[PDB]
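The chain below stands alone and is given as structure tokens, in the form deposited in one PDB entry.
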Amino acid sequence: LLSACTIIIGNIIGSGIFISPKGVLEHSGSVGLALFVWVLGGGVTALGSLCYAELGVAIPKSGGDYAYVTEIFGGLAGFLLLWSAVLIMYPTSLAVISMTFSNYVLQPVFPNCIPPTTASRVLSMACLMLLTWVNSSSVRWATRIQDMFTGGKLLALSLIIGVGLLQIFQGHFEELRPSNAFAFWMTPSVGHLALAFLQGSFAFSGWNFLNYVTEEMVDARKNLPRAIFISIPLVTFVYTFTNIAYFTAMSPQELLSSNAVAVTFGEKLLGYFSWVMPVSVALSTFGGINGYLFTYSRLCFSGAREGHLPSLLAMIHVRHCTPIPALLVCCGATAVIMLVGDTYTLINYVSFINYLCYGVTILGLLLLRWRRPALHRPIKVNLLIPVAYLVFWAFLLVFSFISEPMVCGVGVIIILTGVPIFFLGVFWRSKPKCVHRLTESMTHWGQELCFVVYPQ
């Protein structure tokens, strides 16, 4: 139970608390509203995780949202979700993490003036290529470095919490007083709260990945809900304490005008020893990238296992047993998206599509409950939780389209474009000799280029 709890905490926690605070503050307009947004997100993710756990214990099949949606709706929705996974959340998430790594590295060099875009983008791409090569090299090395990355991230968070506790003990709580905590510098419209929630929900991303590994624990039914109860509120409290430490370290404008919150925190509170901690945050970003690559490869394996994706994306190396074609494809995709925009827009985009997919799957769970009430479900949840999730999801989506329409519209366009390709790929089963010949030629070319074989 405790080991599973640590698994949930490790999967949920990540380099999101190093990107969120500026975006949350810029929309909330006050410290108290930002903290309320944080705690509300920490509760809503708990609710969604509980409902997802109920869905996962209902269907012992593994594969996450992909498998669950393929089970309830069918092939079309499952392939649409897989398309959204391979195209949006994994590449945008990798690009965001790399960009924040570059920002955090270059901020001490240029403390006041923004670093050049070319250098930051080049550094991010170099880090990404290094990570892709490292993951392609081996697996035991990769997991060892991932474990030490997790150690570095937990060390950074522990030091931040300790410094915050030391500062609050000595009596620096000027901003936390209700006179200054609720000092609104701008009236927040409903869209501003929605965008702040979207920005702040990036830190919790990855809480779905426990369903991706549902087939590798013993007695999931007993430990899993208790695992959520112990883990997620602890994560919310940790994020709350980190935000409190940041706010005791700085002031609203003193924090918003910063490209990297943690490095300025170290340089203004820790003192001469500040140089150590940006390395820690960079190591945390390294770990996030490595974990995302692992989840990517596993997702591609699951996707090509069913057969909507071409079989070339699940083949392993003959010697090292690694799926290099998928890694190269994703590296290209994220390198493409990175040289387009900024961290803020990408975060909004990926969080919106995250919530859209979560709502789609939760609606699928509700449809399964309505259609099929007679199957044995080890755990049962009261309908208030799903109806609350549905109403919050609806309100959030309408607010997202109303306030900032471009990113949600383009995301909807890209996911909808996955329907005709699905119809021409899977629903169209009488492919002529030309299409089959091209497919097999590409298959053989991939085999001879990558030296990979189908897993046994």
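The term rigid core refers to the most C-alpha atoms you can superpose between the two forms while keeping them within 1.5 Å. Start at 1 with the first residue shown and count on from there.
Just so you know, the form deposited in another entry exists too; it's not on screen, but the next bit is about it.
When both forms sit on the same rigid core, the CA shifts between this form and the one not shown reach 2 angstroms or more only at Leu106 out of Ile161, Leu87, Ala77, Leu106. With a cut-off of 2 Å and the rigid core superposed, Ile13 has a Cα displacement that reaches or exceeds the cut-off between this form and the one not shown.
In this overlay on the rigid core, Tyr344 has a C-alpha that sits 2 Å or more away from its partner position between this form and the one not shown. Relative to the superposed core, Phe229 undergoes a C-alpha shift of no less than 2 Å between this form and the one not shown. Relative to the displayed conformation, the Cα-Cα distance from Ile228 to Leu299 shrinks by 3 Å or more in the other entry.
CA of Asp65 to CA of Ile228: closer by 3 Å or more in the other entry than in the shown form.
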